[PDB]
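Structure 1 and structure 2 below are the same protein chain in two forms, each given by itself as structure tokens.
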Structure 1
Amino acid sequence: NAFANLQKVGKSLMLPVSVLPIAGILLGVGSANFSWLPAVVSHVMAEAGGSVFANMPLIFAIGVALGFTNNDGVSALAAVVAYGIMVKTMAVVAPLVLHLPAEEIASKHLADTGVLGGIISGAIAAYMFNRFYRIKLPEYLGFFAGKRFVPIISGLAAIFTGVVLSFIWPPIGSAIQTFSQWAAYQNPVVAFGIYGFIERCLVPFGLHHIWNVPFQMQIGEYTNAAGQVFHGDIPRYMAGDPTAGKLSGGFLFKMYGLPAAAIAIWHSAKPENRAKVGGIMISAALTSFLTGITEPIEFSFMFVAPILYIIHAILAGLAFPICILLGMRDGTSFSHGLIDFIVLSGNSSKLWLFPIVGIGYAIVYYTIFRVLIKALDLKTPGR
């Protein structure tokens, strides 16, 4: 059941992403320094959003623990304990292993685990909960027995894992740093084209959350004037990173093409199966256009027309290079929709080109889908 196990990783890694909108509303608006809001309000909102982003590794740990424990809050408490213990164990052991000052390591994040550390801590907590949450102790130790024993063993395992990972990290950490530097600053064009293609390829099976975690949460490192450091395209754009927003190509298809593809599916639908198909597809198009959720649109032609899905994946992969080359920069919280498009427009660049290239993308999607449905006789909804 490896395939199902991988899915639970995707769902568990999605939950930390679902709480980004509150960070986007606060940090996105606050960092924009809108003239129609007092500076105090913007500063407070920015600080609140930065607080939300400072706990992202802990939120990931909680997500993993809840995903692998049927959403039990004691597992979340164990994840908190284990994440704290592991982070402090690594921070105190790594200077000894590397024989370098702790301050330099912290500043350069040589031993920093971040989201991966949160995932490891949450996995430890989930395993300890699943094994020991029914542990029977001697009658005179019955108090610590059960869910009460989970945090203690989780913390012990956490300190052990902290020592082990303080020994193990340097190589994998250097590899991760090199990959992040490449994909963020050296060749972001091909990097994010591949990201888009692989994400569309993985969306059918739920692994796109796993594939997104690096690009959305880890690659890149931006520090604001307050000294807080952000990792990933999403937090870095919300924080106000001029180099972020490389995921802006999501808008081009999510808000224009997939809705245009749905419109094409509606039009190509038979008249006897046209009204209901149009209702379903307009609902899906509105969903993808406002929130950015593509699954109602993509699942319609995911299996019946694999050729259409491959063409969509290629176009989506090309969307990100198009925006990067054209300078179109606008970020999202969870998925690329109109709400995120407007709320997060404060730090955007060339926001006017988005409707233009979007109309182009809609025309391309509509024409391609209509032509290939007529030619290849693809059985899109309503057939």
Structure 2
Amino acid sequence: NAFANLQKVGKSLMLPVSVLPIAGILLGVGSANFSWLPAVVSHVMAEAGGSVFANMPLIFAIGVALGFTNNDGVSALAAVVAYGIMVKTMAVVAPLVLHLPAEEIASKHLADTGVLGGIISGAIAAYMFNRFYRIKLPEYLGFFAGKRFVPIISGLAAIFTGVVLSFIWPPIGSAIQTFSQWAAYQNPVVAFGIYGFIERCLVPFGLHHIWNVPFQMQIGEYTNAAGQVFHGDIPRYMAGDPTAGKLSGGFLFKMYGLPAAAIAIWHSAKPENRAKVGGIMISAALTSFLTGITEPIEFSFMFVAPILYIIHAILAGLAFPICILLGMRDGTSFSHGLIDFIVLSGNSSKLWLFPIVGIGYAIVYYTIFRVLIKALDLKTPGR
């Protein structure tokens, strides 16, 4: 029965995913504070995009409520009512549990559950909906029967949940903090190898946008000489943090490996279909190379030849270790195409190695794909 629940989990997370790229474009274009775009336009874009990121816990609460109730809007209302009661209950009870002043909890974020408290608030709303959406009350309460009971009981259950989270949360929030320091500073080779492999595994579903947020915007901290504080690999690299640039492995497979795989898919098509397939693969190899958008190459083989995608996910994972071990760094602000590679080159290290390790990634992806497509008779484009 677990597969029918993994469908509901995926469905619940695709609502949050649907607003991440527009928020990232608004916050990116706005916070860049360009000279050619006016001051008020930049601030409105930054505060609009930053609003969608600040609402992420509530967006997750709604996605989980809708994904487990067959998209009923009263569950989304019940999740919004539950989340606000639960966050407020933790602010009252966490000071008592921790033995620290409420201003220390609030200023150090010691009781901040983030998206996890959103997921729990959605799980309350979904459970209360499926058990009570058909409840019959006595006639003196008949105006509040059925679906109208669900927000009320979700709010009452959010009190008890916020009390329990005030006891359970401190060892969880501590473990989340030690993971961030481990991934940024103690073993970035292992951490970013796991990030690249799991990101590839989530791309077929579009779920990688959620996985990218912590590594891009939350892992590690930097303060510059002006006292500005920066979190996550992307802001810390543009801020000039010498220990940023852990995401640089993306240039190897997005500029060299996947473009080379596209030519290996083209060269292995049947002759009658080889000319027609070539234009799809060129178009797709130039999109990956220039802009770092990879799905028109990935989706061309991913479903009909899953073994090529497992090899690609391994080689895309191993790309992040290689850059960290060789000491080759460069930034991204959108994705690892030639545009980000040239634009963000000012803070870079050993930039001349990306061509040299890249021709290795091109030889490896090309020769894997040509050999396996013939040998296994994989039904890639044109066969």
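The term rigid core refers to the maximal set of C-alpha atoms that superpose within 1.5 Å between the two forms. All residue numbers here follow the sequence of structure 1, with the first residue given the number 1. Residues that one form lacks are left out of the comparison.
Of the residues 202, 280, 163, 263, just one CA atom moves 2 angstroms or more between the two structures under rigid-core superposition; it belongs to 163.
The rotation of the smaller rigid part against the larger one between the two structures comes to 29 degrees.
Superposed on the rigid core, the forms differ at residue 179: its CA is offset by 1.2 Å between the two structures. Taking the core as the fixed frame between the two structures, we note the C-alpha of residue 133 moving 21.6 angstrom.
Every Cα shifting by 2 Å or more, across three or more consecutive residues, marks a moved region; comparing between the two structures on the rigid core, the sole such region is 1-176.
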